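Novice:
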Amino acid sequence: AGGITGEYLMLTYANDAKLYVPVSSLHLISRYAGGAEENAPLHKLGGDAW
Amino acid sequence: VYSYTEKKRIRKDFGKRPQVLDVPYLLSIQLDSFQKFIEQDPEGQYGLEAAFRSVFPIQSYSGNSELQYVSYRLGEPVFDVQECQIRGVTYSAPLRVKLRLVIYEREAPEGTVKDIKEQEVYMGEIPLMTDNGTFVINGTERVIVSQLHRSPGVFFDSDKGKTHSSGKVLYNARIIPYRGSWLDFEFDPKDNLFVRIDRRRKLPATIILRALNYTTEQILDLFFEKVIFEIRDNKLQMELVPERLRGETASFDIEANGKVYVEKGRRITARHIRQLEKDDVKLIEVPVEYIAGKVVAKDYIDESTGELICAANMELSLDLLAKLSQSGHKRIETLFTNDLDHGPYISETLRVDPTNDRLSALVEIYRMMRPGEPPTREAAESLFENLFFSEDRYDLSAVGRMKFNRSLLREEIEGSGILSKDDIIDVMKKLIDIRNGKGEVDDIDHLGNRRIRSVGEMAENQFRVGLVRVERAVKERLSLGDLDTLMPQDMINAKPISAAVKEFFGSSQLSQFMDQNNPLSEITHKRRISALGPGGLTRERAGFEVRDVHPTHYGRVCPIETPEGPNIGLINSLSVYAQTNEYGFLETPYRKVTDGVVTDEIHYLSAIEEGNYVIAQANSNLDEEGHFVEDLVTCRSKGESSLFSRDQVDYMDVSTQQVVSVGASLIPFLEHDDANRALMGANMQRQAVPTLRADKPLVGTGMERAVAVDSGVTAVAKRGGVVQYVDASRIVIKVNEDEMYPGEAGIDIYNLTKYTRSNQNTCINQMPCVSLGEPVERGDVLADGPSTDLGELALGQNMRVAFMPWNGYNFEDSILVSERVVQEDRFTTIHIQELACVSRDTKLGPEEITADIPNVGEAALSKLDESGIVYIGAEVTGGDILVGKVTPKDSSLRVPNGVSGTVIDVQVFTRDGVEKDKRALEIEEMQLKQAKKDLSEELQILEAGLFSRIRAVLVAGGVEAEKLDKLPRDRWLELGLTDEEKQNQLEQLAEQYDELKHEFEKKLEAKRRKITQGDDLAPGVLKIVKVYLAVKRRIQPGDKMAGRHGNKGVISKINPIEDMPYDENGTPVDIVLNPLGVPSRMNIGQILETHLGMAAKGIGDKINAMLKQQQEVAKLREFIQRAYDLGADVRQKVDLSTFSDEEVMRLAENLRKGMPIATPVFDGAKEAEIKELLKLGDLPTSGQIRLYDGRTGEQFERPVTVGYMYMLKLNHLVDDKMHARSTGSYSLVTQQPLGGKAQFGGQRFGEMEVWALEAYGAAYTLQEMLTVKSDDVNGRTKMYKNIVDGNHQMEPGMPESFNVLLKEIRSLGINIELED
RNA sequence: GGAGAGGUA
Ligand SMILES: [Mg+2]
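Protein chains in written order, with PDB author numbering: chain A, 501 to 550; chain I, 2 to 890, 915 to 1341.
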């Protein structure tokens, strides 16, 4: 991270756009609530409206 | 010892040196540079990794986030090379980069992370280099020629006394960065050191010296030696080092220690310094007149009042000395000066300097860089700090740092990329040292100072120049806030990157069009070393000296291949074995010689390192143990040949032919010609048109095979095997069992490029030179390209030449030519032209390509189809219609005036959204059928390969030959076999077959999506149609055909076969040259080549006669053995005892037209071997036979030279030059005829051509010449009416281009008029 | 029409 090595969590989204999040900020992470754990959709993270 | 393919026809190699190093890949410079460009670099020094690590990571201005970089990956090209070639688009790779954006937390301190995102994002299409070295940019193959420019570093120099009206030399020093601002120091004629940045206004160097946080005391410490002055009670006991006394004048009683050493009136001798140093004397009692005008070093201020007594750098006087001695100062520090060895050049520049403190220096510099702009304190320090000492706006690369340290006699190869204080101090120190007398300045033409900048480096610099813009935009928008939902596709924009790549590869100063009318022309164009370009000199601003050959050029740059005309020696070519360095300098290989034996290890010596050692000549007689057989051998030590000892040498030359280029080393007997005429020959060789039937050169130089295979024109086998299917169009190679891969077993297919258009309107084809079922090795040619024969270069034909003057039909340089050479159809060449018709959008709407053209009959439309396009294969002549077109009110394409031809291909492209006519659908459907045929034929031939592999691995482990074919070839797994790793091989083969099943069903439909797509075009055009015409330009009076030693000549009469000189056996000579061009133009190489060709076809006629009547293979074997023997210790030594008695007959068929002879360049065939070879033949050994005349039938006394000289037809055909005009169209602003031949243009009666008519009495001719025939628009129509009415009479008038002058003078503030 | 490059004498 510019001279500071950190442990992050790679969560992949749609169009395989990766997203690494800090382990300390773990409370921004939750399990699926749609109940489609084998068929959940894949959000475009940033957004398709651009 | 010899391969099967080279047993087909083996060239007799003369020459005596053993080769210790083969000629390398001839295109290795381009391939190595571009594979340093696009290839993943782990260390991060070469290629896109270097530029990305230079620029990325990019911070924001606020610093709340930054964009970093992970890796890059080139996409698969959307089209391959030949489809990009047809369509008219770049052969390009998309660049997909893994960018990574952090997000910091705001209220958290500097360095914390909210979030980080990563994706593969695209920027820019980069063109890929093709398999040979060319870039396909818009369907025109272009080559980026290498540059030869100023190596960054520091260069000391002196304009040799031709300035200042004095004869005084003015040394100067350039600090040349790789990228950034140059720095110049120079001496005034009055010994004042000056600086300038970027050749702006000159300043003294003390301003840039004080701007580095320096004051005057520090400077006079730095540049100068100290002399101590100790005022004591008794008359100025001064501390004097005796080494400062040498060469100087005595000025008083030099008496010390109670001893009179030196009287006045002496020059201070050696023995006086000797007695001062044995007497150990450190102080001399001197009078105070020795401070007549000397300078104090530092500030001296009072100890009690604390006031200034004398300033630093002030010339002391006796009152000043009194003030110093009265203030309690004992040490007086003076700068040591000297007439020769210590000039005080810094002190007067401090005197000239109007700056006393640092802010004054910075204000002066900020004024000097940007005049105007009233200076502020922060801007000046910022400007000077980013001018030289920032990693962004200044950069001496590793090459710059190498040259910078190696110049100053430092040690380290690496250091800071930017300048440092110590560096600039060293530059002033060394420059003043040169001015004092020690040290030495450089010569700028030395190849230690000139550096090859090839295609990878220039493209990387252009890509970085683009990347600086996009990081700037990213920095702008990233410094714009609310980054929380943002992704790195809208911050980066591919348009600046694609612009800065597309401009350079598309239209640059060194991105030039491929000279593609040979294999040789393209392979000598990819090796070209241009000194032009950005960062280099220009054609009309180049002196006599840079054009000249420097003696450093030996082995790096060829000295005899060079274009003639305005740029001599700016367009140098590489030598044969020469390499580029790690850094870029030109290095040449040399054999290492030990104490007395020439070894075989070779070192690639650079340019600077060539001077330090001593290197032998190329042809030094060594004999079987590495010993130089003489004692006085010729070497070069420091740019000077001399006879040195047997036992002083350091290196040996790798070959006799390492001096010359590859374009020049094909010249046989090059050691006999001139260098002027050999320059004309080796430059002339690159324009030989590919003839109809390529014929091998009888006298080659052994580099013919290397050029014809290193050029990518011959289709060469990748893996050896047995050929299984030869067509006229494709080659099927079954791979041998040892070369076969386990995964992707298969076979090999080659598709041969048929009659397509080379870049200068000649044809290239590939004829297969192998018949069915033949063993092929790796690296073997299979398909001959244009003007190649069995994988050796064959640019022209080889025919019978007799050197007699023949009745004035070959007067100056002309070439009398028998009609047998056109009857044999051996110089008539194909020329394939391209004619395109647009479908524009104009006012009153678009126009059609329909057949209904006004005012034409069935004579015009008799060749067209219904849809407006001529039939493929229709022969047309001039003035015809190939494509019909209309205007909304006749804008049809026509064949241009004078040419013939057969239409061989028609390509229609249509823009997307416009309906395609029935012709376009017809072309599309045979295109789709042919593509389905290609993919299905590949699939089923590869299916035959897979099933043959399966049957090959079914010969053991469960063999039932009948059960192979009970069930068909589709299911060859479920028959009887033992389930082991054999079955694992069959299961790998089965999934490979199913993989090909998938690949066919997707690749055919992908090809459909490519074909059916109506392509992009220019904005405005609906459909473009491009017909390809093909002509056979035969030969005629007027053409220019030449030799290989530059005896160019215009063929002047196709003489009938009967009239030609014929020998007593009756064979008529094909070409009768002129002997007169030999004693002046010193090309005796053509006479020896003629003699050697005559010997070669003497052996050819003996083998042909021995085969015509049937004689056994034992006669052929011994005769060919004797022929390949007979050298005076030659090196070839081919053994026919191992030839299997069909290969002798296969070789003897190929020698029935004359044995090829190889003569290496400077290891040539001597005259004695030629006499022995002629004596082996039944020919007279003097070379000259008795010819009879064709007409008189009598004997020419003084019998004449005949032979077989290798003649090229140059690409200046007379039908492309001959031009005429009576009256066509006219130019717009001036009513004069247009120029050129593309427009129907008349010639230019120029200024020197008007003085010739003034020089006669001729005036009315001149008056009609520049009024009526050209510009008097009232008068040129009346003239035309006057001829057609049969009355030659002129109305002179007044030319309208004089009225143009009147308007363009009167349009200033100048009145100009005509009087009464 | 203008640049850029290469070529011929
Ligand atoms: Mg001429």
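Positions of the beta carbon are idealized from the N, C-alpha and C atoms, including for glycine.
Within the 9 Å Cβ cut-off, does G112 of chain I reach chain A?
Specialist: Indexing the second sequence from 1 puts residue 112 of chain I at position 111. Cβ-Cβ to chain A under 9 Å: yes for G112 of chain I.
Novice: Pick helix, strand or coil for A837 of chain I, following the three-state DSSP scheme.
Specialist: The count along the second sequence starts at 1 and reaches residue 837 of chain I at position 836. Of the three classes helix, strand and coil, the one that applies to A837 of chain I here is strand, per DSSP.
Novice: Measure the beta-carbon distance from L149 of chain I to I453 of chain I and round it to whole angstroms, keeping in mind my assumption that it falls under 8 Å.
Specialist: Numbered from 1 along the second sequence, position 148 holds the residue referred to as residue 149 of chain I. Numbered from 1 along the second sequence, position 452 holds the residue referred to as residue 453 of chain I. At roughly 6 Å, the Cβ-Cβ gap stays under 8 Å, so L149 of chain I and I453 of chain I are in contact.
Novice: Look at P205 of chain I and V353 of chain I and say whether their C-beta atoms are less than 9 Å apart.
Specialist: Here residue 205 of chain I corresponds to residue number 204 of the second sequence, with the count starting at 1. Here residue 353 of chain I corresponds to residue number 352 of the second sequence, with the count starting at 1. The answer is yes: Cβ separation under 9 Å.
Novice: By alpha-carbon positions, which one of I:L1259, I:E1316, I:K161 ends up nearest to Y1285 of chain I?
Specialist: Here residue 1285 of chain I is taken as the residue at index 1260 of the second sequence, counted from 1. The candidate whose alpha carbon is nearest that of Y1285 of chain I is I:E1316.
Novice: Could you confirm whether any beta carbon from chain I is found closer than 9 Å to the beta carbon of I529 of chain A?
Specialist: Indexing the first sequence from 1 puts residue 529 of chain A at position 29. Output row for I529 of chain A: interface = no.
Novice: Taking just the CA atoms, how far does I220 of chain I sit from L336 of chain I?
Specialist: Translated into the one-based positions of the second sequence, residue 336 of chain I becomes position 335. Translated into the one-based positions of the second sequence, residue 220 of chain I becomes position 219. When rounded, the distance between both Cα atoms is 11 Å.
Novice: Kindly indicate if chain A contains any beta-carbon less than 9 Å away from that of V884 of chain I.
Specialist: Position 883 of the second sequence, counting from 1, holds the residue named residue 884 of chain I. By this cut-off, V884 of chain I is not an interface position.
Novice: Excluding five sequence neighbours on each side, which residues of the same chain lie with their C-beta closer than 8 Å to the C-beta of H1116 of chain I?
Specialist: In the second sequence, counting from the first residue as 1, residue 1116 of chain I sits at position 1091. For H1116 of chain I, where only same-chain residues beyond five positions count, the Cβ hits under 8 Å are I1195, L1199, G1208, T1226, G1228.
Novice: What separation, rounded to the nearest whole angstrom, lies between the Cα atoms of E867 of chain I and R919 of chain I?
Specialist: Numbered from its first residue, the second sequence carries residue 867 of chain I at position 866. Numbered from its first residue, the second sequence carries residue 919 of chain I at position 894. The alpha-carbon atoms of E867 of chain I and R919 of chain I are separated by roughly 17 Å.
Novice: With distances taken Cα to Cα, identify the nearest neighbour of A495 of chain I among I:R470, I:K1065, I:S512.
Specialist: Translated into positions along the second sequence, residue 495 of chain I becomes position 494. Nearest of I:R470, I:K1065, I:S512 to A495 of chain I, Cα basis: I:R470.
Novice: Grab me the residues of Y1018 of chain I's own chain with a C-beta within less than 6 Å of its C-beta, minus the 5 sequence neighbours each way, in chain order.
Specialist: The sequence position of residue 1018 of chain I within the second sequence is 993, counting from 1. Closer than 6 Å at Cβ, skipping near neighbours: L971.
Novice: I'd like to know if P522 of chain A contacts chain I, where contact means its C-beta is closer than 9 Å to some C-beta of that chain.
Specialist: Translated into positions along the first sequence, residue 522 of chain A becomes position 22. Judged by the 9 Å Cβ criterion, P522 of chain A is in contact with chain I.
Novice: When you measure from the CB of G774 of chain I to every non-hydrogen atom of ligand 2, does any distance come out below 8 Å?
Specialist: Ligand 2 is not among the ligands present in this structure, which contains only ligand 1.
Novice: Where do the ends of the alpha helix (DSSP H) carrying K1027 of chain I lie?
Specialist: Taking the second sequence and counting its residues from 1, the one referred to as residue 1027 of chain I is at position 1002. Here the alpha helix (DSSP H) through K1027 of chain I covers 1006-1036.
Novice: Between the Cα of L309 of chain I and those of I:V296, I:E316, I:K324, I:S318, spot the shortest distance and give me the residue it belongs to.
Specialist: Counting from 1 along the second sequence, the entry for residue 309 of chain I is found at position 308. Of the candidates I:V296, I:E316, I:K324, I:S318, the one whose C-alpha sits nearest the C-alpha of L309 of chain I is I:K324.
Novice: Specify the secondary structure class of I870 of chain I as computed by DSSP and reduced to three states.
Specialist: Here the question's residue 870 of chain I lines up with position 869 in the second sequence. Note: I870 of chain I maps to strand in three-state DSSP.
Novice: Distance check for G1110 of chain I and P669 of chain I, CA to CA, integer angstroms please.
Specialist: The sequence position of residue 669 of chain I within the second sequence is 668, counting from 1. The sequence position of residue 1110 of chain I within the second sequence is 1085, counting from 1. Each residue's Cα considered, the two are about 7 Å apart.
Novice: Should the stretch 1059-1069 of chain I be called in touch with the stretch 996-1013 of chain I, which here means at least 3 C-beta pairs below 8 Å?
Specialist: No, the stretch 1059-1069 of chain I does not touch the stretch 996-1013 of chain I.
Novice: DSSP state of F35 of chain I, grouped into three classes?
Specialist: Position 34 of the second sequence, counting from 1, holds the residue named residue 35 of chain I. Reduced to three states, the DSSP call for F35 of chain I is helix.
Novice: Pull up the CB-CB distance for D342 of chain I and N437 of chain I, whole angstroms please, since I reckon it's below 8 Å.
Specialist: Indexing the second sequence from 1 puts residue 342 of chain I at position 341. Indexing the second sequence from 1 puts residue 437 of chain I at position 436. The pair is a contact, with the Cβ atoms about 5 Å apart (cut-off 8 Å).
Novice: Alpha carbon to alpha carbon, how far is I59 of chain I from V400 of chain I?
Specialist: Your numbering for residue 59 of chain I matches position 58 in the second sequence. Your numbering for residue 400 of chain I matches position 399 in the second sequence. Spanning the two alpha carbons is a distance of roughly 26 Å.
Novice: Taking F645 of chain I as the reference, give the member of I:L667, I:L409, I:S621, I:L277 with the closest Cα.
Specialist: Taking the second sequence and counting its residues from 1, one reaches residue 645 of chain I at position 644. Minimum Cα distance to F645 of chain I is reached at I:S621.
Novice: If we require 3 or more residues per run, which beta strand (DSSP E) segments fall completely within the stretch 532-610 of chain I?
Specialist: Qualifying beta strand (DSSP E) stretches, in chain order: 587-594, 599-606.
Novice: Would a check of beta-carbon distances place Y508 of chain A closer than 9 Å to chain I?
Specialist: Counting from one through the first sequence, the residue named residue 508 of chain A turns up at place 8. By this cut-off, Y508 of chain A is an interface position.
Novice: First and last residue of the beta strand (DSSP E) that includes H150 of chain I?
Specialist: Sequence index remark: in the second sequence, residue 150 of chain I carries index 149 (1-based). Start and end: 147-151.
Novice: Do the CB positions of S815 of chain I and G1071 of chain I come within less than 9 Å of each other?
Specialist: Your numbering for residue 815 of chain I matches position 814 in the second sequence. Your numbering for residue 1071 of chain I matches position 1046 in the second sequence. No.
Novice: Which residues in chain A have a C-beta closer than 7 Å to the C-beta of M488 of chain I? List them in chain order.
Specialist: Translated into the one-based positions of the second sequence, residue 488 of chain I becomes position 487. In chain order: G546.
Novice: How should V700 of chain I be labelled, buried or exposed, when 16 other C-beta atoms within 10 angstroms of its C-beta is the threshold for buried?
Specialist: To locate residue 700 of chain I, count along the second sequence from 1; it is residue 699. Its Cβ being crowded by 16 or more others within 10 Å, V700 of chain I is buried.
Novice: Given this structure, state the Cα-to-Cα distance separating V857 of chain I from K890 of chain I, to the nearest angstrom.
Specialist: Along the second sequence, read from residue 1 onward, the residue named residue 857 of chain I stands at position 856. Along the second sequence, read from residue 1 onward, the residue named residue 890 of chain I stands at position 889. Answer to the nearest angstrom: the Cα atoms are 16 Å apart.
Novice: Does the CB of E67 of chain I have a neighbour CB from chain A at under 9 Å?
Specialist: Within the second sequence, numbered from 1, the residue matching residue 67 of chain I stands at position 66. Yes, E67 of chain I lies at the interface with chain A (some Cβ there is under 9 Å from its Cβ).
Novice: Would you check if the distance between the CB atom of residue 891 of chain I and the CB atom of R731 of chain I is smaller than 9 Å?
Specialist: The model contains no atoms for residue 891 of chain I, which sits in the stretch where chain I goes from 890 to 915 directly.
Novice: Could you check which residue in I:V1155, I:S772, I:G1218 has the C-alpha nearest to that of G1091 of chain I?
Specialist: Start at 1 with the first residue of the second sequence, and residue 1091 of chain I comes out as number 1066. Measuring from the Cα of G1091 of chain I, the nearest candidate turns out to be I:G1218.
Novice: Please determine, among I:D990, I:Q517, I:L533, the residue with the shortest C-alpha to C-alpha distance to residue 897 of chain I.
Specialist: Gap note for chain I: numbering proceeds from 890 to 915 with nothing in between, so residue 897 of chain I has no coordinates.
Novice: What residue range is occupied by the uninterrupted alpha helix (DSSP H) comprising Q725 of chain I?
Specialist: Taking the first residue of the second sequence as 1, we reach residue 725 of chain I at position 724. Run containing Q725 of chain I: none in the alpha helix (DSSP H); it sits in the beta strand (DSSP E), 722-727.
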